[PDB]
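Down below is the structure, laid out as structure tokens.
Number of protein chains: 2
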Amino acid sequence: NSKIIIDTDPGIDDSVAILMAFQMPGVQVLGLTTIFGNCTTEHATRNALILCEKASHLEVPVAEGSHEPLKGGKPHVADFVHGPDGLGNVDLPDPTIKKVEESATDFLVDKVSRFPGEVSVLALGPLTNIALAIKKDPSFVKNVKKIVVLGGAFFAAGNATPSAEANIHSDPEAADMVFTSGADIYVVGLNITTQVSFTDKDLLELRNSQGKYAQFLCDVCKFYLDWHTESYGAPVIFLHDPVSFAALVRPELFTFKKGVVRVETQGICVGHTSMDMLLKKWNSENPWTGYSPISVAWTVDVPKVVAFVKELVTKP
Amino acid sequence: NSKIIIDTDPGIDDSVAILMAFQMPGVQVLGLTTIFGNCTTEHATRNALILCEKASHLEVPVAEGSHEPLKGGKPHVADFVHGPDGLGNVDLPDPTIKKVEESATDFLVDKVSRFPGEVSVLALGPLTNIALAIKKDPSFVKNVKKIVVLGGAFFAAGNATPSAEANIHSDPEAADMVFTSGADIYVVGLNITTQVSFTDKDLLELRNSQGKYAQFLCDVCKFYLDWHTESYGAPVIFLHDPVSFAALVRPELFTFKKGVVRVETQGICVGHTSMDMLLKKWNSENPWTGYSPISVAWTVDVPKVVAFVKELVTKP
Ligand SMILES: O=c1[nH]cnc2c([C@@H]3N[C@H](CO)[C@@H](O)[C@H]3O)c[nH]c12
Ligand SMILES: O=c1[nH]cnc2c([C@@H]3N[C@H](CO)[C@@H](O)[C@H]3O)c[nH]c12
Ligand SMILES: [Ca+2]
Ligand SMILES: [Ca+2]
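Heads up: the sequence lines are chains B and A, in that order. Per PDB author numbering, the first sequence starts with residue 0, numbered consecutively. Per PDB author numbering, the second sequence starts with residue 0, numbered consecutively.
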């Protein structure tokens with residue numbers, strides 16, 4: 000049983016990924032650590048607790064994280080994507096279970112130090128809690144097994160601006176800190192996830208299946224599909240967070256390229272992820288020379304990832 | 000007949016492109032406007048005059064442009080690529096012809112205003128002179144026939160930094176000004192030019208040909224080839240500027256995608272070209288929404304571009 004901590008802003012696709020993790024054999028969810036992005040951190044915390052309740056996992060701790068990015072200020076949330084409270088149009092009563100007292104930072108630090116070399120972190124939102132855990136404990140990057148990040152856009156369009164993917168754009172300083180931290184990092188960007196199309200047809204099939212959470216997953220994905228159809232002009236949704244979950248437990252369905260990743264933290268291209276490709280020898284030193292390289296998901300076996308997500312969500 | 004002005008930093012591949020333009024039927028070179036990049040502006044001016052002499056085009060004016068980018072300061076020149084002199088360490092006698100008195104800015108403004116809708120500008124270097132022409136005259140963007148730009152890297156690695164192509168990196172403010180100006184612009188980036196490989200075998204065939212400028216072009220390309228062999232680890236050169244010349248006179252050999260292009264002018268990603276693909280409706284305004292889209296070369300018929308360059312340089 001592989002120990003994982005999911006740092007998340009649920010969030011419609013995060014909810015799919017969280018329920019997939021609870022349904023995944025050989026995986027133990029130590030806890031959910033929450034962050035803003037798709038919704039406010041308080042809405043993310045409420046949705047994480049609703050998910051734990053829904054999955055009969057009342058014992059899985061939910062530790063609330065940062066309410067603001069590292070630079071401070073009230074975050075702009077993707078409510079036009081994930082609904083006013085982050086759960087699309089799904090009307091569910093408030094959870095009875097409560098968050099634990101410890102912050103996401105402290106929860107991350109404690110579990111990694113308690114089980115050194117055993118815990119994998121799946122980062123589904125902005126990287127604020129992860130950068131904060133790094134700031135707090137210098138042994139965190141050495142003791143964390145790996146960090147699988149859903150974020151960035153490597154030689155692909157961003158979704159927050161033409162240049163930036165949302166999770167990175169939501170906290171550029173945190174992302175740059177994490178990517179240069181020297182931890183064993185695997186980054187899954189929009190270059191990968193926009194290749195994995197899920198259709199209106201796939202959702203209707205799911206609605207008509209025996210999947211444990213099929214009804215809820217279709218109800219929650221409805222707002223998500225309506226927004227994608229409106230914004231992209233196609234009845235296709237991208238399940239970014241489930242795709243990164245596949246990179247975490249089925250990394251053989253992807254190929255990874257190693258290289259230094261830096262994040263633009265200022266200007267019009269704020270949130271942009273730039274990777275040094277190692278194909279050209281630099282005549283002069285630059286912001287990418289001297290850092291530890293990380294792994295960036297480069298290719299993806301799309302039918303196999305689709306089949307893997309479907310297997311987990313259709314499971315009775 | 001087609002009237003063109005070539006803005007250039009010759010430069011080894013610029014020299015190939017300039018001699019190709021002089022060898023191109025139905026093309027009239029109104030003049031060469033010089034800029035820094037591959038070498039200092041004074042070295043670029045000397046090389047442009049040497050090229051006009053070599054080509055028996057003593058009547059073609061050479062107008063010297065800016066010595067610094069728009070933001071000021073001394074530019075870093077690509078002498079490791081184009082030699083200390085900008086011609087691959089080939090010593091040539093000083094030209095007898097002299098530059099005209101007018102600056103590149105004034106030359107560009109005068110010819111465009113004198114022949115409205117007739118003049119095409121081929122931009123082979125940093126875009127400083129073109130930005131200065133737009134700043135001086137608001138009718139420039141309306142009266143220039145088109146601007147064909149060799150610059151940027153669209154969803155591809157840069158060659159100045161992992162994030163930026165050299166011409167843009169050399170003057171980011173000028174590039175951002177040109178790209179948002181509303182002129183009819185066509186941009187050919189590294190995403191295109193790195194697809195058009197020329198080898199040590201192609202250079203030996205050129206030396207075996209009766210090409211008018213074969214001796215000179217093989218002499219200057221030895222430095223260019225040695226640097227590519229050293230930096231890229233392959234006996235392959237990229238003739239970026241000749242490829243943009245092919246986009247100018249044979250645009251049917253490429254496909255173009257329309258989109259708004261902005262340039263990062265600060266931070267680690269300075270010089271980065273980010274294109275809004277226009278496939279996603281933005282929920283909020285951003286630095287890419289209030290501008291006229293430009294055309295970005297998307298695909299290229301590589302054998303046809305190679306054959307076109309070879310035909311022009313092997314021509315006795
Ligand atoms: O279009 C979008 N804009 C902003 N965020 C998202 C997301 C969320 N942000 C991440 C992908 O940008 C992912 O974790 C997902 O939960 C999906 N689509 C969009
Ligand atoms: O590797 C390079 N670094 C910087 N500039 C160039 C160039 C010049 N700069 C442009 C392409 O980056 C093009 O106009 C060419 O003349 C070729 N190769 C390199
Ligand atoms: Ca998320
Ligand atoms: Ca050039």
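Ideal placement from N, C-alpha and C gives every residue a C-beta, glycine not left out.
Cβ-Cβ distance between residue i and residue j below 8 Å
| i | j | result |
| --- | --- | --- |
| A62 of chain B | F244 of chain B | no |
| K53 of chain B | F255 of chain B | no |
| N142 of chain B | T104 of chain B | no |
| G85 of chain B | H42 of chain B | yes |
| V147 of chain B | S119 of chain B | yes |
| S196 of chain B | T313 of chain B | no |
| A16 of chain B | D240 of chain B | yes |
| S180 of chain A | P125 of chain A | no |
| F237 of chain B | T192 of chain B | yes |
| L48 of chain A | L18 of chain A | no |
| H81 of chain A | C38 of chain A | yes |
| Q27 of chain B | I11 of chain B | no |
| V262 of chain A | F153 of chain A | no |
| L121 of chain B | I5 of chain B | yes |
| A130 of chain B | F139 of chain B | no |
| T7 of chain B | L123 of chain B | yes |
| residue 323 of chain A | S294 of chain A | Given that chain A is displayed from residue 0 to residue 315, the structure contains no residue 323 of chain A and the question cannot be resolved. |
| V259 of chain B | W287 of chain B | yes |
| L278 of chain A | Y231 of chain B | yes |
Under 7 Å by beta carbon: chain B residues contacting residue i
| i | result |
| --- | --- |
| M274 of chain A | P161 |
Neighbour list for residue i in chain A, Cβ cutoff strictly below 7 Å
| i | result |
| --- | --- |
| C268 of chain B | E263, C268, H271, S273 |
| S230 of chain B | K279, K280 |
| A156 of chain B | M276 |
| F79 of chain B | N282 |
Residue i, DSSP secondary structure in three states
| i | result |
| --- | --- |
| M276 of chain B | coil |
| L311 of chain B | helix |
| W226 of chain A | helix |
| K70 of chain A | coil |
| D6 of chain B | strand |
| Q27 of chain B | strand |
| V269 of chain A | coil |
| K97 of chain B | coil |
| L238 of chain A | coil |
| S112 of chain B | helix |
| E251 of chain A | helix |
| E52 of chain A | helix |
| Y231 of chain B | helix |
| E63 of chain B | strand |
| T160 of chain A | coil |
| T264 of chain A | coil |
| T33 of chain B | strand |
| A173 of chain B | helix |
| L18 of chain B | helix |
| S243 of chain B | helix |
| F197 of chain A | strand |
| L126 of chain B | coil |
| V295 of chain B | strand |
| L202 of chain B | helix |
Whole-number beta carbon distance between residue j and residue i, since they are thought to touch under 8 Å
| i | j | result |
| --- | --- | --- |
| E172 of chain A | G150 of chain A | So it is not a contact: roughly 13 Å between Cβ atoms. |
| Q22 of chain B | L252 of chain B | With a Cβ gap of about 17 Å, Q22 of chain B and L252 of chain B do not count as contacting. |
| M176 of chain A | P161 of chain B | No, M176 of chain A and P161 of chain B are not in contact; Cβ-Cβ is about 18 Å, not under 8 Å. |
| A156 of chain A | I167 of chain A | Actually they do not touch by this definition, with Cβ atoms about 13 Å apart. |
| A296 of chain A | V187 of chain A | 5 Å |
| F222 of chain A | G87 of chain A | 3 Å |
| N282 of chain A | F79 of chain B | 5 Å |
Closer than 8 Å at the beta carbon, the chain A residues around residue i
| i | result |
| --- | --- |
| residue 321 of chain B | Because chain B in this structure spans residues 0 to 315, residue 321 of chain B falls outside the shown range and cannot be described. |
Cross-chain neighbours of residue i in chain B, by beta carbon under 9 Å
| i | result |
| --- | --- |
| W287 of chain A | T160, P161, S162, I267 |
heavy atom of ligand 6 below 7 Å from residue i C-beta
| i | result |
| --- | --- |
| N37 of chain A | No copy of ligand 6 appears in this structure; the ligands present are ligand 1, ligand 2, ligand 3 and ligand 4. |
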